[PDB]
Every structure is written in C-alpha cells, then in structure tokens.
Q: 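To start, I am sharing the structure in question, which I have written as structure tokens.
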Protein chains: 2
Amino acid sequence: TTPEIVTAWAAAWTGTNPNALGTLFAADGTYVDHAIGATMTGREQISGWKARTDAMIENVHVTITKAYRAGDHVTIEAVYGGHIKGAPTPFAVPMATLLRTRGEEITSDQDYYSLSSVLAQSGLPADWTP
Amino acid sequence: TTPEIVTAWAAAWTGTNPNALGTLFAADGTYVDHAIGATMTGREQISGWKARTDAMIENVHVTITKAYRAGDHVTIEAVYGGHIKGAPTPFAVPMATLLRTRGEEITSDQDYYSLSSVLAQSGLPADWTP
C-alpha cells in the first residue's frame with residue numbers, strides 16, 4: 001500500500017508540530033515548494049517551513065490519494081487543504097510530491113501545485129500576497 | 001535510463017503535429033492539466049489539447065530532467081517552457097507529470113505546475129486569461 005515515509009510525511013504536515021516535518025529528513029535534506037518558489041535546506045529550515053505555513057494558513061491538512069515507490073524515489077498524489085487566515089473561503093487543491101530517500105530519511109522533497117488555484121478557491125485576488 | 005514512452009511524450013509536446021500527443025494514449029485514456037483545470041478524454045480530445053495549447057503559446061517545449069517507473073506508473077520531472085503570444089517575455093517552469101500505462105499506451109496523464117509562475121515570468125498579470 002502506502003510507504004511508511006508517506007504516511008509519516010502526511011502526518012507531519014497535518015499535525016501541529018513543526019519539528020515532525022524536519023525530523024523525517026537527513027541533515028543535508030532539501031525542500032522545494034514550486035508553487036511559492038521557496039527552497040529550504042537542513043532540518044531546522046524545513047521545520048521552520050511548516051511553522052511559517054501554519055502562521056499563515058489555519059488547519060492545514062494533506063491527504064494521500066495514492067503513492068508509489070521506485071527504489072529510492074517516491075511519488076505522492078495528494079490533496080492539500082487549509083484556510084488562509086482572513087480569506088473568505090478554504091481551499092483544497094491537487095498536489096504532487098516527489099521524494100528522494102536514503103535509508104529511512106528524506107533527502108529531497110519537491111511539491112508541485114498551482115498557487116492560482118489556492119487563491120481562486122480562497123476568494124482572494126489573483127495577485128494576493130502575505 | 002528514461003522509459004521510451006517518456007521520450008515520445010516529450011517529443012509529442014515539443015513538435016508541431018498535435019496528433020502526436022493523442023496517438024500515445026489508449027482509446028479510453030484521460031489527460032488532466034491541474035494548473036488550468038482542464039480534463040480531456042480520448043485521443044481526439046487529447047490531440048485537441050496540444051492544438052489549443054499551440055494556438056495560445058508559441059515554441060511549446062517540454063524537457064525531461066528525470067523519469068522513473070514503478071509498475072504501471074511513470075513519474076516525470078520536467079521543465080515546461082514557451083512564449084504566450086503577445087506576452088513581453090517567455091517562461092520556463094518546473095512540472096511533474098504522472099502517467100499510468102497499459103502496455104505501450106498511456107491510460108492517464110496528470111500535469112502539475114503553477115500557472116502563476118508561468119504568468120509572472122511572462123510579464124502578464126496574475127488574472128490573465130486567453
């Protein structure tokens with residue numbers, strides 16, 4: 001079924017502890033969010049990204065539609081939801097996450113989704129920023 | 001090592017014959033672009049999607065940076081580039097394409113990328129529509 005690393009990754013994002021995200025990564029792990037264009041390096045910056053995300057978005061949740069592994073590469077099809085603080089409405093958008101692993105740890109995470117969809121569903125202007 | 005179907009898929013998108021895209025799919029194959037929210041079903045609609053894309057964007061090209069197969073799933077990490085007609089500048093954005101195959105045919109293609117990056121790099125307003 002679902003690789004354990006995927007379950008853990010979704011729990012870390014859906015949970016309320018920033019360190020739970022960072023602890024899944026190796027010391028040299030990288031995290032890139034392609035919708036926002038943000039790159040984090042190392043466990044502390046990664047955990048900080050979950051913290052920052054929660055600062056701006058309430059009730060963030062990531063649910064797994066499906067995931068598959070090919071050796072040390074893992075692909076995840078997920079739905080990313082939440083409510084941007086102050087926004088008229090919540091959002092739920094499709095997202096793909098590509099992980100590279102080493103042993104039990106993540107060395108690279110890339111998240112692909114469209115920010116335009118998040119904003120549009122949220123009832124925010126298309127050019128909106130925090 | 002890149003699956004043959006991946007090379008064909010990229011050539012199809014990068015060439016000018018729109019039918020090159022639909023020929024790669026099974027009769028019941030589906031195509032979903034998550035950035036635009038467009039769903040196409042069957043060969044005729046899929047080839048029509050390449051034609052529609054070419055009508056609004058010149059020099060459409062998809063470049064493969066990596067691809068890996070897990071059973072009937074194939075994950076592609078790519079760069080989608082081109083130049084929206086009338087835009088002051090071109091674009092090149094990271095994209096993830098998730099394919100499902102049956103034999104040598106594609107039964108599913110889902111494309112994940114951020115429309116906002118495409119528009120911003122193009123010099124276009126975030127609410128731009130064709």
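Numbered from 1 within each chain, the chains take letters A, B, ... in sequence-line order.
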Q: Parallel, tilted or perpendicular: which describes the rings of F25(B) and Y31(B), with under 30° parallel and over 60° perpendicular?
A: tilted
Q: Would you call the rings of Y112(B) and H34(B) parallel, tilted or perpendicular, where under 30° means parallel and over 60° means perpendicular?
A: tilted
Q: In the structure I gave you, are the side-chain heavy atoms of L99(B) and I76(B) within less than 4.5 Å of one another anywhere?
A: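 A side-chain contact under 4.5 Å exists here.
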Q: Of all the heavy-atom pairs spanning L124(B) and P88(B), show the shortest one and how long it is.
A: CD2-CD, 4.3 Å
Q: Following the transitive rule for hydrophobic clusters with a side-chain heavy-atom cut-off under 4.5 Å over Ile, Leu, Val, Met, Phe, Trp and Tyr, establish whether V32(B) and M95(B) coincide in one cluster.
A: no
Q: Could you go step by step and tell me if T97(A) and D111(A) meet the side chain to side chain donor-acceptor pair (under 3.5 Å) rule?
A: CA-CA 5 Å; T97(A) 290; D111(A) 293 346; 2.8 Å; yes
Q: Quick one: does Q121(A)'s side chain have a donor or acceptor within less than 3.5 Å of a partner on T89(A)'s backbone?
A: no
Q: Can you get from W13(A) to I36(A) by hopping between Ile, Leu, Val, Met, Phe, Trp and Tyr side chains that sit under 4.5 Å apart?
A: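 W13(A) and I36(A): one cluster.
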Q: Run the side-chain hydrogen bond (donor to acceptor under 3.5 Å, both in side chains) test against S122(A) and tell me which residues pass, sequence neighbours left out.
A: none
Q: Measure across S116(A) and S116(B) and return the closest heavy-atom pair with its distance rounded to 0.1 Å.
A: OG-N, 3.2 Å
Q: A35(B) and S117(A): which non-hydrogen atoms are nearest, and at how many Å?
A: O-OG, 4.5 Å
Q: Which heavy atom of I5(A) sits nearest a heavy atom of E104(A), and at what distance?
A: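 That would be CD1-O, 3.6 Å.
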Q: Is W128(A) linked to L115(A) within one hydrophobic cluster, defined over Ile, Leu, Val, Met, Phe, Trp and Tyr using a side-chain heavy-atom separation of less than 4.5 Å?
A: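 Hydrophobic grouping puts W128(A) with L115(A).
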Q: For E58(A), does the CD atom sit with more than 12 other heavy atoms under 6.0 Å from it, leaving out its own atoms?
A: yes
Q: Would you say the side chain of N17(A) lies within less than 4.5 Å of the side chain of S47(A), judging by non-hydrogen atoms?
A: no
Q: Measuring only between side-chain heavy atoms, which start at C-beta, is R102(B) closer than 4.5 Å to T107(B)?
A: yes
Q: What closest approach, in Å, do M40(B) and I46(B) show between heavy atoms, and which atom pair accounts for it?
A: CB-CG1, 4.1 Å
Q: Is there a side-chain contact between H73(A) and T75(B), using heavy atoms and a 4.5 Å cut-off?
A: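 Side chain of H73(A) against side chain of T75(B), heavy atoms only: no contact under 4.5 Å found.
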Q: Report yes if the side chains of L119(B) and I84(B) come closer than 4.5 Å at any heavy-atom pair, otherwise no.
A: yes
Q: Answer whether the closest heavy-atom distance between the side chains of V74(B) and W9(B) falls below 4.5 Å.
A: no
Q: Evaluate the side-chain proximity of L98(B) to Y68(A): yes if any heavy-atom separation is below 4.5 Å, no if none is.
A: yes
Q: For a 4.5 angstrom cut-off between non-hydrogen side-chain atoms, does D33(B) reach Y113(B)?
A: yes
Q: So with a 6.0 Å cut-off around CZ of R69(B), is the heavy-atom count from everything else above 12?
A: yes
Q: Shortest non-hydrogen contact from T63(B) to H61(B)?
A: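 Here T63(B) and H61(B) meet closest at OG1-CD2, 4.0 Å.
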Q: Would a hydrophobic clustering, with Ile, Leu, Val, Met, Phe, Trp and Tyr connected at side-chain separations under 4.5 Å, put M56(B) with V62(B)?
A: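 Yes, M56(B) connects to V62(B) through the hydrophobic network.
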